[PDB]
Amino acid sequence: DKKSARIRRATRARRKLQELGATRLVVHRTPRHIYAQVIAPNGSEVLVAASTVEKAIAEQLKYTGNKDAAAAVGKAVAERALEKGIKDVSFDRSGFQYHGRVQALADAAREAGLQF
Amino acid sequence: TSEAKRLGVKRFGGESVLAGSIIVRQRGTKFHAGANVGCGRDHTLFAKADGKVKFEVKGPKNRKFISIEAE
Amino acid sequence: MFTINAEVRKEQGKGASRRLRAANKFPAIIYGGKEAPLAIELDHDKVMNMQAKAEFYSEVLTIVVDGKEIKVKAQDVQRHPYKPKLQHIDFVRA
Amino acid sequence: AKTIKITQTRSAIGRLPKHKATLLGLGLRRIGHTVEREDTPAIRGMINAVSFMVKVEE
RNA sequence: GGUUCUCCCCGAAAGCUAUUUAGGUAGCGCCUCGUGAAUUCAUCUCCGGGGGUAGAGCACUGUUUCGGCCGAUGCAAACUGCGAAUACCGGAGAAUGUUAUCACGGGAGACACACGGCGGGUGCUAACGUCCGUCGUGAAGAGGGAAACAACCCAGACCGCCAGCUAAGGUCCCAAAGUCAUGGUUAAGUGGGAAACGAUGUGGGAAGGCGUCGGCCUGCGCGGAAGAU
RNA sequence: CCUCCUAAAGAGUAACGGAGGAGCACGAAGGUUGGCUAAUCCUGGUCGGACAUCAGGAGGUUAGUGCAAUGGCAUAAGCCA
RNA sequence: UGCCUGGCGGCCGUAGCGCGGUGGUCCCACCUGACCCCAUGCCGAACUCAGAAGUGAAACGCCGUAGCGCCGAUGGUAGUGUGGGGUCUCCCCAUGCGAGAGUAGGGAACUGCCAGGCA
């Protein structure tokens, strides 16, 4: 049991962030591809979603999944959020570890000038 | 070879309770806090903002949540 | 085959049921299919007389009310704990 | 809607406080007193509350 | 123990929380007068609630029994995989109610209540025995009925009438009103004393018997069934 | 002073009513992050057969959560760093 | 706008349990070694680094199987507020509210948004 354990572990913060009702940035990390979504407090709509699979940002990337790809996804999400007006969404690690690609993506997102 | 304690729901559904009001002071957790509802150390559900009180069943385990909606 | 005479129900409730039982009558219900169920009234004496035959449990019942043929089968019957009387029957249209 | 006559038949001495309040709401004071009341579900329920001592001209 | 003139309006309680307390001390509840204030409060209709009682069920905690602890069947105050009516809280609504609601102030009274209906505990599931939660009457309610008989039934007396209708209860005389009618039961003065058992007493009813002889059920009578000038 | 009933599904509501326990303890058994989270049972083990330990499974909160007892408790209110 | 796959919510057994079949186009999954970021209360056990080198083993998506489980009528039944009656320990009458279980029936779920492959 890997996916079930991951979902169960993430559910802690997933429910914790709901009490305060703030927009949340979640990241789904896979070796083949990486995705980053901004979810409104309602939980049924995503303000902005970025994926490594699409060729908009994968043209300059040798492979869809790597540290450089994570940084590119983070910067794309950050710039899109800046031009959309997210107003300092909170962050969630989706039950992952904040030491590798997750940390790289978070640092890339914060580089643009975000305050999360 | 004592003195009874007061339990049960103090504020039911539809009451426009005030912030900090004790909706239910129960033994443990008969109902779980939802939106705009806290949980004290003694497992007491207290309102966080003015509004109407509602009870709703949600979750795979079918557990009742006490929630507060706009007045 | 067999001819059954019944009456159309007009009142629904425990009071109506008690009236039927006290007036040598008893209600019954016929359902089965996408159509709405029909509540009918049958006299107790005739049903008691007809229950004696062993073919009752093996024959499809025919009901004629207001000149309409209904082909039903006995789905369930209700029997008093100690009084040999019939009070209600649920039937399924076949 | 159509109105009805409600008349008090029996006394309300030994009746419960709920029945006394129901009679007060209907508007019946003495035995044999008759009042005119519009027919509504609330009035019908009020009548059924104390039906044992009120006569209704349906 | 006593507390002296009259009239009018409203009109209780004998309950709950503390005592080296049990006859008393504090607060609330009950009564009255004044002031101020919200369709305030009450009945009823609809709506949103937590129920876990009746009913049901053994899935949860348990019990007896059955085939030889395994499975099944019944059952329960410290049993519910379900689940009423009723009660409680809140929202909306027509109608009625002399604001009947709430807050403050002046004045209190009372602090051994009794009986009955409804559902339980207790008691030998013998007692017109005992305690509880709710309601009613008396207490503080006159009048009619049960012969009298506070606790029962009907019904709440502002005064006067040699007027009418009716509730409970009655219509042979005492004593107002049916020796009224219809279809039955009783032979015992049962009515007008009482349950268990027993019985060739009777009408009626559904089922028996190979013209036949009998069984089962309901109604009313008999000893137990016995109150002292 | 607390743990369920009689107590008639709001609270409350009886008779040395039916019932025991605390009158402690942890100064860590407190707070925070990451991860993990059975009990029970079948089967293999030198004995181990279930019962002195471990790993392949059925099963998902029946274990536990300091206490006599109680509810709720796997996003465990547990259990490793 | 149709089929398929992942992520984020509502719904919490009409979403579940058992059985047969199908999925490598994309996606998802199995994994090599880790002396490198990271680590085991021992184990690269879990997370992290480079994919098609092979595959769909197991999990997961979908179709059928109504076998189990779930929901679920109408009706009846038990119960009960109110007033009354009886042979008053208990039952009945007029009225209002109404069980559980089972039967008919359903279902092998549905719905909102984003992303990707094939059309």
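May I ask you to list the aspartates and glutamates whose Cα is less than 19 Å away from that of A:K75, ignoring any residue fewer than eight positions away on the same chain?
Output for A:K75: A:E54, A:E59, A:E83, A:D88, A:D92, A:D107, A:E111.
How high is the relative contact order of chain A, in percent, counting Cα pairs under 8 Å that sit 6 or more residues apart?
So the answer I get is 28 percent.
Filter the cross-link list C:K25/C:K83; A:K67/A:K87; D:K2/D:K55; B:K10/B:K61; A:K16/A:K87 down to pairs whose alpha-carbon distance in this structure exceeds 22 Å.
In this structure, A:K67/A:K87; B:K10/B:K61 exceed 22 Å between Cα atoms.
Note down the nm distance, to one decimal, between modelled labels 7 Å out along Cα→Cβ at D:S51 and at A:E19.
In this crude spin-label approximation the distance works out to 5.4 nm.
What value, in deg cm²/dmol to 500, does the helix sum -39500 (n - 2.57) over DSSP H runs of n ≥ 4 give at 222 nm once divided by the residues of chain C?
Only helices count here, giving -5000 deg cm²/dmol.
Suppose a student asked you for the relative contact order of chain C, using Cα pairs under 8 Å spaced at least 6 residues apart; what percent would you report?
So the answer I get is 31 percent.
Below 15 Å, Cα to Cα, which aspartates and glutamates can D:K5 reach? Residues fewer than 8 away in the same chain don't count.
Partners found: D:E36, D:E38, D:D39, D:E57, D:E58.
Using a Cα-Cα cut-off of under 15 Å, which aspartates and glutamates could be cross-linked to C:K46, ignoring same-chain neighbours fewer than 8 residues away?
Of all the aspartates and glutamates, those that pass the test against C:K46 - Cα under 15 Å, at least 8 places apart if same chain - are C:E7.
As an exercise, use a Förster radius of 30 Å and the Cβ-Cβ distance of A:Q97 and B:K10 to find the FRET efficiency, rounded to the nearest 0.05. Don't jump to the answer; show the numbers that get you there.
Numbers: r = 45 Å, r/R0 = 1.49.
Between A:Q97 and B:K10 the formula returns 0.10.
In nm², what is the average projected area of the convex hull enclosing the Cα atoms of chain A?
7.2 nm²
Quick note: the coordinates plus some simple rules give every number you see, no bench work behind them. So basically every Cβ, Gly included, is an ideal-geometry build from the backbone, and we count neighbours across all protein chains shown.
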